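Chain order of the listed sequences is B and A.
Taking the authors' numbering, I'd label the letters of the first sequence as residues 1 to 159.
Taking the authors' numbering, I'd label the letters of the second sequence as residues 1 to 159.
Contents: one structure, followed by commentary.
Number of protein chains: 2
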Amino acid sequence: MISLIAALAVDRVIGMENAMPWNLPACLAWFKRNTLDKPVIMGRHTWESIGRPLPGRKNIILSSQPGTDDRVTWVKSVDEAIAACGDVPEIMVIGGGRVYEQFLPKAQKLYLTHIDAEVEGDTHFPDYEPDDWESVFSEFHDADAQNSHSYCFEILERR
Amino acid sequence: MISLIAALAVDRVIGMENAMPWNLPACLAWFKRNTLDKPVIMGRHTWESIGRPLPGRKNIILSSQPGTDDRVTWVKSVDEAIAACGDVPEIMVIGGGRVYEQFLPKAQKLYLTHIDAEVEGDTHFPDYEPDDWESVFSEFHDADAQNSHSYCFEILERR
Ligand SMILES: CN(Cc1cnc2nc(N)nc(N)c2n1)c1ccc(C(=O)N[C@@H](CCC(=O)O)C(=O)O)cc1
Ligand SMILES: CN(Cc1cnc2nc(N)nc(N)c2n1)c1ccc(C(=O)N[C@@H](CCC(=O)O)C(=O)O)cc1
Ligand SMILES: [Ca+2]
Ligand SMILES: [Cl-]
Ligand SMILES: [Cl-]
Numbered sequence: 001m002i003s004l005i006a007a008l009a010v011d012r013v014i015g016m017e018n019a020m021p022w023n024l025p026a027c028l029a030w031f032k033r034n035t036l037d038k039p040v041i042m043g044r045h046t047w048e049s050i051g052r053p054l055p056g057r058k059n060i061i062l063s064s065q066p067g068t069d070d071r072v073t074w075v076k077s078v079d080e081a082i083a084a085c086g087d088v089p090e091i092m093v094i095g096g097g098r099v100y101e102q103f104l105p106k107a108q109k110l111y112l113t114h115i116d117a118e119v120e121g122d123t124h125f126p127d128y129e130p131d132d133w134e135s136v137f138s139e140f141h142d143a144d145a146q147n148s149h150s151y152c153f154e155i156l157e158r159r
Numbered sequence: 001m002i003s004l005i006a007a008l009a010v011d012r013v014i015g016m017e018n019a020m021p022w023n024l025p026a027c028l029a030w031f032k033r034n035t036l037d038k039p040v041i042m043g044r045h046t047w048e049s050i051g052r053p054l055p056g057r058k059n060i061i062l063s064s065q066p067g068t069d070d071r072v073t074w075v076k077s078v079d080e081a082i083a084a085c086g087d088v089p090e091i092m093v094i095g096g097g098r099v100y101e102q103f104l105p106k107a108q109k110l111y112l113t114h115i116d117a118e119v120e121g122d123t124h125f126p127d128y129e130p131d132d133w134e135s136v137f138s139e140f141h142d143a144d145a146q147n148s149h150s151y152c153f154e155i156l157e158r159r
């Protein structure tokens, strides 16, 4: 099955021109926890943002342009991205916007981190029909000595 | 010689307890470069925000309450903090607010990272009359895919 995992600010903002204005090691831990040992599909811009291949995961980059790193797998279509995954129970799509748009229709589960940050976004998570999804887990946390904003982890399954 | 190093948002706002809303790996690299191989003195809130002893530095915590961890030095007064440093060319004071207020009078140098972020806060870096201080170095950088805001490194010497 295909799952999307994303971090959304208020109004579903997922990306800005520069790095997101937050420091959330607890949120990165949740991201690592839920992606470890699984193939991750990302767009070129997200790849460039990360800076390195994510350890212990099969990194697949969906881009029309040519591969620049021998450490990851470069694919040119959704179809191709899927095939590169092989026989695994769950494929994680980690963004950005266009990538999420292309995979949403095929997605059965969403892992969302809602952060209480009001920012002017460049890209946004595609509108999802709350009537189509069931929240099976939610957990709120305040900002603390290490995390700059309050956030809530949520997992939804398509009805 | 005593030096203070701090990261200031607009209006000289500095962290109090919760982590500051920015992601500036380039700024942390500057902090690391300037404090490695020297003793660092911090207050309890900063210690909690760091979450571990900074490697390659002698970590001293100035606090009235008992020290939990055996990996660092717990002191109860300025005098003791200083003594704990031994005889080194430069002691780095890394905050927070009360700590800065206590050492400023004795400081000979300021390493400041000014960040273009408007953050609402109670705490401010102590007032310094840059007329009693000579700006000796200043280098501005724009935000990028990895750093959330623009920042400017500045070093001042007490005249
Ligand atoms: C910019 N970016 C994209 C990013 C960030 N957080 C997200 N968070 C969620 N929930 N979903 C995403 N798709 C997501 N994507 C990044 C940047 C760094 C790391 C990262 O360093 N991850 C390490 C964990 C952090 C660490 O070791 O410092 C990992 O092993 O996953 C991950 C994603
Ligand atoms: C919360 N905090 C206090 C902090 C942060 N930036 C500052 N920046 C400046 N200029 N001045 C300070 N006093 C300052 N203090 C921190 C938190 C983490 C690390 C830290 O991880 N430092 C690693 C570098 C980054 C890394 O390895 O992840 C180091 O070796 O210094 C430092 C300071
Ligand atoms: Ca439910
Ligand atoms: Cl992307
Ligand atoms: Cl402190």
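All C-beta atoms in this analysis are idealised placements derived from N, C-alpha and C, irrespective of residue type, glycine included.
Is it true that the CB of A/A83 sits closer than 7 Å to the CB of A/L62?
no
Residues around ligand 4, please: the ones whose beta-carbon is closer than 5 Å to some heavy atom of it, in chain order.
B/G43, B/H45, B/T46 and B/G96
How about B/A9 and B/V93: do their beta carbons lie closer than 7 Å?
The answer is no: Cβ separation not under 7 Å.
Rounded distance between the beta-carbons of A/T123 and A/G96, thought under 8 Å:
7 Å
Would A/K32 be called buried (16 or more neighbouring beta carbons within 10 Å of its own) or exposed?
By the neighbour-count rule (16 or more Cβ atoms within 10 Å), A/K32 is not buried but exposed.
A/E129 to A/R159, Cα distance in whole Å?
As the crow flies, the alpha-carbon of A/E129 is around 11 Å from that of A/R159.
Within the present structure, is the beta-carbon of B/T113 separated from the nearest heavy atom of ligand 1 by less than 6 Å?
yes
CB contact check: A/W22 to chain B, cutoff 7 Å:
yes
Per-residue contacts from A/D144 into chain B (C-beta, under 9 Å)
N18 and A19
Nearest residue (CA-CA) to A/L54, options A/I14, A/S150 and A/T73
A/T73
Any idea what DSSP makes of B/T123, helix, strand or coil?
DSSP places B/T123 in the strand class (E or B) of the three-state scheme.
At the 7 Å Cβ level, is A/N147 part of the contact set with chain B, yes or no?
yes
Any beta carbon of chain A sitting closer than 7 Å to that of B/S49?
yes
My guess is that A/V78 and A/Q102 are in contact by the Cβ rule of under 8 Å, so how many angstroms apart are they, rounded?
5 Å
Confirm, please, whether the CB-CB distance from B/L156 to B/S138 is below 7 Å.
no
Once you ignore the five residues that flank B/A26 on each side, which residues in its own chain have a CB closer than 6 Å to its CB?
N147
My understanding is that A/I41 touches A/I91, with C-beta atoms under 8 Å, so please give their C-beta distance in whole angstroms.
7 Å
Out of B/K106, B/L112, B/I60 and B/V99, point me to the one whose CA is closest to B/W30's CA.
Selected option, being the one with the closest Cα: B/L112.
For B/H114, the first and last residue of its enclosing beta strand (DSSP E)
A107 to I115
Check: A/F125 C-beta below 6 Å from any heavy atom of ligand 2
no
From the DSSP output, which residues share a beta bridge with B/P21?
B/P21 pairs with nothing; no bridge assigned.
Of the choices B/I2, B/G15 and B/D11, whose alpha-carbon is the least far from that of B/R98?
Residue B/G15 is the option with its Cα nearest to B/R98.
Comparing C-alpha positions only, which one of A/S3, A/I2 and A/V13 sits nearest to A/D116?
A/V13
In three-state DSSP terms, what is A/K58?
strand
Taking the DSSP output, what are the residues bridged to B/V99?
BP columns for B/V99 are empty, so no partner.
Please identify the residue among A/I60, A/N23, A/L110 and A/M1 whose C-alpha is closest to the C-alpha of A/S150.
A/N23
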